[PDB]
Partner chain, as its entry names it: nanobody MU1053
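Next up: just one chain, as structure tokens, the form solved without its partner chain.
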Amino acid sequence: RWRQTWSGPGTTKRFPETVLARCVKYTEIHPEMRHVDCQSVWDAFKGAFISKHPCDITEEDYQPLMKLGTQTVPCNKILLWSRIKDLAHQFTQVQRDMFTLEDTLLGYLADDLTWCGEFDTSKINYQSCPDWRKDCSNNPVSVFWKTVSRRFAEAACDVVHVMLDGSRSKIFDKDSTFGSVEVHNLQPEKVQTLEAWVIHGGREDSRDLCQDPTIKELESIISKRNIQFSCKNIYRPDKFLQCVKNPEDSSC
């Protein structure tokens, strides 16, 4: 207790209750997911990581959960993001025809949660969980997000949008989950264009961040998949959301 097994936070307080309540709310709000048995979903979720070493999790562990959480999403209305989760979600709460991963069942369940089990008992570990960098990368959380992100990116078609954080050192970071998983699972047969929306953090920062070296890197990487590239600066995120809420406004 003065010395925990892992470096990361333990399983989120009330994790079982929260996942279960999130599943109920989601399936109540979204009519297409009425066939979902939320107890069977929790049980599949559990079976992925309970009684398993939290540094030996595989995508296979999550396949029963992936099967139960299978969902058809409008393929042409997908919004990916990297390092700017809050604005992405604020956007999709207003622009209801667009979807982030966290607007799907599986993403909604797990959003902002941490969890892990123990190899030597059947208990959930509420004390600590492996950190991706400091402990091990094949942990329950990281493997979950890799698995579901890959599927989501594979489902995308037509014009796919991505929100990127313009305030960060690497606006596009090839070592991020977006750069290492999502980008390399956009299907060349289906995706026409990836359009980046670069969100500015500064008020007086009116650089064209679509000419940033890392954006050119993204453009170049994507061209190999025969995917076109487009980029837009969002100079004023607060004005952006205002315009999204009130699009018939003249100034928008």
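Basically, rigid core = biggest C-alpha set you can superpose within 1.5 Å across the two forms. Positions refer to the first chain, counted from 1.
Between 14-22 and 227-235, it is 14-22 that carries the larger average Cα temperature factor according to the deposited entry.
Stretches 167-175 and 103-111 differ in mean C-alpha B factor, with the higher average recorded for 167-175.
Taking the deposited Cα B-factors for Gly202, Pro54, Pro213, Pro188, the highest one is held by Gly202. Comparing the listed residues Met33, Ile221, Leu65, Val198, the entry records the largest Cα B-factor for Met33.
Residue-level temperature factors show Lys46 in the middle third of its chain, judged at the C-alpha atom. Ranked against the other modelled residues of its chain, the C-alpha B-factor of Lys134 as given in the entry falls in the highest third. In the PDB entry, a CA B factor belonging to the highest third of its chain's modelled residues is recorded for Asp208. Annotation for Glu217: C-alpha temperature factor in the lowest third relative to the rest of the modelled chain, per the entry. Looking at the C-alpha B-factors along this chain, the one for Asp97 belongs to the highest third.
Omitted here: the form deposited with its partner chain bound. The next part is about that form.
Contact annotation: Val159 falls within 4.5 Å of its partner chain in the deposited bound form, judged by heavy atom distances. Under a 4.5 angstroms non-hydrogen atom cutoff, its partner chain in the deposited bound form has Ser230 among its neighbouring residues.
Although the partner is absent from this view, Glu195 contacts its partner chain in the deposited bound form, with a non-hydrogen atom inside 4.5 angstroms.
Of the heavy atoms in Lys77, some are within 4.5 Å of its partner chain in the deposited bound form. Each of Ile234, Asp249 and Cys252 comes within 4.5 Å of its partner chain in the deposited bound form, counting any heavy atom.
Checked against its partner chain in the deposited bound form, the residues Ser167, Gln95, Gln127, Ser176 give one hit for a heavy atom within 4.5 Å, which is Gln95. Only one of the listed residues (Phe91, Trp81, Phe144, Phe172) places a non-hydrogen atom within 4.5 angstroms of its partner chain in the deposited bound form, and that residue is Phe91. The two forms, fitted on the rigid core, differ between the shown form and the other one by less than 2 Å at the CA of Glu17. Core-superposed comparison between the shown form and the other one: the C-alpha position of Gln242 differs by no less than 2 Å.
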